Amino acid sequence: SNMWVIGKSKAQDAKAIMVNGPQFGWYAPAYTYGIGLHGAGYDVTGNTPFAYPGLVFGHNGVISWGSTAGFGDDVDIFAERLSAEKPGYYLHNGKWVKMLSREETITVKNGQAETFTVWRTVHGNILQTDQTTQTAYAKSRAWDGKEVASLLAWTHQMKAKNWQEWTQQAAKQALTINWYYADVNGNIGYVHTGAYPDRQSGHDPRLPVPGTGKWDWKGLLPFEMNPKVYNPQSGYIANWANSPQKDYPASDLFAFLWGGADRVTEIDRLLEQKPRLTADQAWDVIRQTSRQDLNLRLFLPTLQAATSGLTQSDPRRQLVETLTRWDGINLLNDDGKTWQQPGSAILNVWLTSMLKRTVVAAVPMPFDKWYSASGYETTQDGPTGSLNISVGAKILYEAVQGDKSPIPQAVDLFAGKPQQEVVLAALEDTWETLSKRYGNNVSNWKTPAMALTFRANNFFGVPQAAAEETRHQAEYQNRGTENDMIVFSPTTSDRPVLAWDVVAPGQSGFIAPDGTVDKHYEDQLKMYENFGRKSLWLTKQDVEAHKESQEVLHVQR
């Protein structure tokens, strides 16, 4: 998920611009739901996942808000001490304590029901048990007990009229989520919201802790500690699942890292290109970042250094020449299915070979597989979510930076060989692989483009529509499932705000019994593909001016 918030010192012809691209994957019917709420203290417009009561993407005519996943480490695993003498108990604070348990029966269409037990301790639900060591692992969430409070915080924040009112609600949102703010005066802000544990001294948050009592969390850290900024000197707030703040630790997931190689730098390059950005320029950052190969910037310098003494006819040099002439933006040929340039394929093959020769070889199996992905993994239906720099590629980037990297290279990933030798060997592999598929004339290589699919199964893998309702878009775009933009105090209008979004395939998923699809079933699909957008209305007069239908209900509670 990405977001860029442009404040007063960086905005052209406006005081603030907020552009959000939350990446949840692509689904039919749409992941988010367009909705306006007016009355009972609310006056809001936007769209939100699964029609939650609180709009995650929207504005109220005074402030606007958005989110990206936080990826803080708000989850630890406690290793509970069991005893074969006392099944169902665990040792905590010197006493054998009874686990809480519940029975659940799964009813099955055209099959036999299955009953099982869920177990829970003071540290959370049990995930797995090792009878050999008499240990059960419980998953402890810093937000446990605050789920409903989080939903309500996301609802009540829609009534805030300033940073103080908004952050009072941000402090009540317990999940690990980056929240963003902008307002009519040009103020902008960011809070990496959530509950985070206050851990005992010596607790390494990447690895399990004993559950016998001494390693229990002290409590939760205070809201003062959550990373936040209001009106940064840079004039902007950008995020693409990157770190919130210097020295702040990431999620403990082994395939997730915050390091020198980060895709957010592609947004910084665009925001810093020119002194100010108009709304149109801020929107265009979606198009460019969506087409940007994320590995070219990282590895081109290493490729150029490795090939700098080679002769003009050396194919390893000619592959790098091809990359040097390219900006990394992928565009479809006129056939609508191949890319104009072959660079992503060159980078994919090269990085695959590099990782095999370096990070993969240093790690024991079956863990090594964990580091072999190049980041260009997909399906013929295309990527299921955003594209990113792979974990192995991030680790390789620290190795190729040599002593510019702050990470101690405990193991030399090049195993004593000059890095140039390994880089060149991977280029030889690249030439062999690709010339065998496409021939020896790189200028005619028509490499396959990734596509995008609005899947009929939701993100859990569960049908939410019939299979035939899947929709297809020729161009994969590494962008939000929806995109929304809010412009405050434009100089081009007297209105304090202007806002737009896109909810594809459309607002409605309704299909009548006879198969007739709703009038709003697919009317945002082409707009999505073409980087278009529709107006979000807020005022009574704008809604009335753009009215298609209305109903009046008369109901007593």
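Note that residue numbering follows the sequence shown and begins at 1.
- According to the PDB record, 315-323 carries the higher mean C-alpha B-factor of the two stretches 182-190 and 315-323.
- Across the two stretches, 218-226 and 476-484, the PDB entry reports the greater mean Cα temperature factor for 218-226.
- Per the PDB entry, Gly515 shows the highest C-alpha temperature factor of the residues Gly46, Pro505, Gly515, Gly39.
- Looking at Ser390, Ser140, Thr378, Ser353, the one whose CA carries the top B-factor in the deposited record is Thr378.
- In this PDB entry, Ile346 carries a Cα temperature factor that places it within the middle third of its chain's modelled residues.
- Split the chain's modelled residues into thirds by C-alpha temperature factor. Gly328 is in the lowest one.
- Looking at the C-alpha B-factors along this chain, the one for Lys404 belongs to the highest third.
- In the PDB entry, a CA B factor belonging to the middle third of its chain's modelled residues is recorded for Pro301.
- The entry lists a Cα temperature factor for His59 that places it in the lowest third of the chain's modelled residues.
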